[PDB]
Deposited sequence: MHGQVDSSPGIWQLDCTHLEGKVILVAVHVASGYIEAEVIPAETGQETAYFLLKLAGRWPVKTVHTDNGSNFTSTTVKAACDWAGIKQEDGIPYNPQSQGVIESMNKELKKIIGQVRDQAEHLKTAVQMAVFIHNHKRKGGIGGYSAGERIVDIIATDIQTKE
């Protein structure tokens, strides 16, 4: 459970946003990429796995994930790739709209949205953020 990430793509203004969600916490990592190629996807995963302990990724089984370049990346990083195994994308586009008018470029609006999402307290003032939840869940002490 703590090592499981869900990857999805979202398309906005003709650009591609790759989103990784840590399933247990709702914490997100996201980047605008040129296009869903095997090299860009592998690069994204390698970055993700270098920053958090990624054991398993669930993907939508897009052609970018069937590429050997992605399989090679997952192998090197020790990630179990789970293709086709079953709503951030709505939440995030919402937040992206709240900040869109503060950023010249979409890529910046995306990172602002990531920031807001991960810092937001869920479940009343007594609750916690996705950021707080992921470190609590992943901490080994």
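- Residues 1-7, 94-103, 159-163 of the deposited sequence, counted from 1, carry no C-alpha coordinates in the model.
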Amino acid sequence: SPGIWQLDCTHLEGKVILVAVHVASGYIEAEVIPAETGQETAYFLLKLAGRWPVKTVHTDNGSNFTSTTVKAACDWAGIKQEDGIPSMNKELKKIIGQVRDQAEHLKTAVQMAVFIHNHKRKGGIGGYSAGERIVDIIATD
From here on, numbers count along this sequence of modelled residues.
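What we label the rigid core is the largest C-alpha set whose atoms superpose within 1.5 Å from one form to the other.
- Averaged as a root mean square over residues and superposed structures in 4 other deposited structures of this protein, CA distances to the shown form are larger in 116-124; the pair compared was 116-124 and 14-22 with a core fit.
- Superposing the other copies on the rigid core and comparing 87-95 to 53-61, farther C-alpha placement in 4 other deposited structures of this protein marks 87-95.
- If you average the C-alpha B-factors over 118-126 and over 21-29, the higher value belongs to 118-126.
- The PDB entry records a higher mean C-alpha B factor for 62-70 than for its counterpart among 62-70 and 47-55.
- Split the chain's modelled residues into thirds by C-alpha temperature factor. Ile79 is in the middle one.
- Per the deposited record, the Cα B-factor of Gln111 falls in the lowest third when ranked against the other modelled residues of its chain.
- In this PDB entry, the Cα temperature factor of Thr41 sits in the bottom third of its chain's modelled residues, the lowest group.
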